[PDB]
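# Descriptive analysis of the structure
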Amino acid sequence: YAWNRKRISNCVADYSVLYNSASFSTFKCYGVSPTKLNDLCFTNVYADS
Amino acid sequence: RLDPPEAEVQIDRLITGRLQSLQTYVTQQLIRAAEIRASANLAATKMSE
């Protein structure tokens with residue numbers, strides 16, 4: 001209910017390592033195929049934990 | 001952005017829309033061709049007479 005929010009910017013993201021990290025029980029993507037993430041440039045991202 | 005099978009859905013949507021629009025345009029072109037051809041036949045008759 002009090003879900004935290006975080007903003008990240010001004011860096012480069014290596015999604016390959018995170019994807020290869022099998023510790024994630026669920027690794028799902030809606031607007032993107034999990035593989036392609038390592039080849040796009042983005043305005044910014046929001047992470048909620 | 002996406003993986004081929006998922007992309008195919010959007011591909012289908014957009015091709016349906018585009019083909020429908022362009023065939024409609026072609027139909028309008030056909031009608032305009034018919035009317036202009038009638039006009040041209042009348043003009044040729046007027047010329048010759």
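Residues numbered from 1 in each chain as written, not as in the entry; some residues may be left out. Chains lettered and ligands numbered in written order. Part of a larger assembly, values for the part shown. Heavy atoms only, no water.

If you look chain B up in the PDB entry, it shows as Spike glycoprotein from Severe acute respiratory syndrome coronavirus 2.

In the nomenclature of the PDB entry, chain A is known as Spike glycoprotein of Severe acute respiratory syndrome coronavirus 2.

## Examining unusual backbone geometry
Although it is not a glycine, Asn10(A) adopts a positive phi angle of roughly 60°. Topologically, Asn10(A) is positioned in the loop between β1 (6-8) and α1 (15-20). (Helix = DSSP H or I, 4+ residues; strand = E, 2+ residues; numbered from the N terminus.)

## Examining the side chain of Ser33(A)
The residue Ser33(A) is located in the loop between α1 and β2 (45-47) in this model. For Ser33(A), a relative accessible area of 10% corresponds to the buried category. (Buried < 20%, exposed > 50% of the residue type's maximum accessible area, 1.4 Å probe, protein only.)

## Description of the pattern of salt bridges
All names here are of chain A. Evaluated as defined, the whole model comprises one salt bridge over all chains. We note a salt bridge from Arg-5 to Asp-48, for which the minimum N-O separation is 2.7 Å. Placement of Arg-5 in the segment before β1 and of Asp-48 in the segment after β2 is noted, with a sequence separation of 43 residues between them. Residue classification places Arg-5 among the partly exposed residues on the basis of a relative accessible area of 43%. (Salt bridge = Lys/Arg side-chain N within 4 Å of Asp/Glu carboxyl O.)

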